[PDB]
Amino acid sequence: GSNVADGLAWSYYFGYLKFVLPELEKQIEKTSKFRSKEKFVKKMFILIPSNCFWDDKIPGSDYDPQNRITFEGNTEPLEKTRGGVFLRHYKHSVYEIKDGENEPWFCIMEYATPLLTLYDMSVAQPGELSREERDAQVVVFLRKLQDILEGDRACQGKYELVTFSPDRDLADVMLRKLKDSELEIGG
């Protein structure tokens, strides 16, 4: 078949999210600065740009036109062993998002790395994956990943999928989502 996104969503889960999402809050809390910080939503915000593409660095990128996103630091790495072929250490980037004159938020943001395969495929093998087929596979990927994560009780409340057009301001998008998150002061 040509439905690559199904396999991409399942391996993204079993090769990564299944074991980092339940532990993310605990990993974050290993750092005193992160324990001390309020307005630090502890969910992984998984970024899904509709064009499967991004600038390697989020702060100041085309998705951050107002330069309101700042890299703060990394979480304490988690150790995980599977198959012994190659070793795996997992860590995440914490960002600060300005909220006007108020206290800025901290959050975890990461592009959905399987989108790289959709992008690479559309550029190197256009006969296998047209631009339009890639657009559709992003949606398949999104809906399958949703089904997978919603079926795992250990992942509940630990992530948020963020879909956006490359024309949108990620700082504005994230700010709205952070304000809408369940986390309250002292939570």
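All residue numbers are counted from 1 along the displayed sequence. Note that the rigid core is defined as the largest set of C-alphas that superpose within 1.5 Å between two forms.
In summary, of the stretches 67-75 and 81-89, 81-89 shows the greater Cα distance from the shown form in 5 other deposited structures of this protein, with structures fitted on the rigid core.
Taking the rigid core as the alignment reference, the C-alpha atoms of 160-168 lie farther on average from the displayed form in 5 other deposited structures of this protein than those of the other stretch among 160-168 and 21-29. Look at the C-alpha B-factors of 175-183 and of 17-25. On average they run higher in 175-183. Of the two stretches examined, 107-115 and 68-76, the record assigns the greater average C-alpha temperature factor to 68-76. Within the selection 137, 61, 31, 122, the deposited Cα B-factor values reach their highest point at 61. Across the residues 40, 141, 45, 54, the deposited record lists the maximum Cα B factor for 54. In the deposited entry, the Cα temperature factor of residue 11 places it in the lowest third of its chain's modelled residues.
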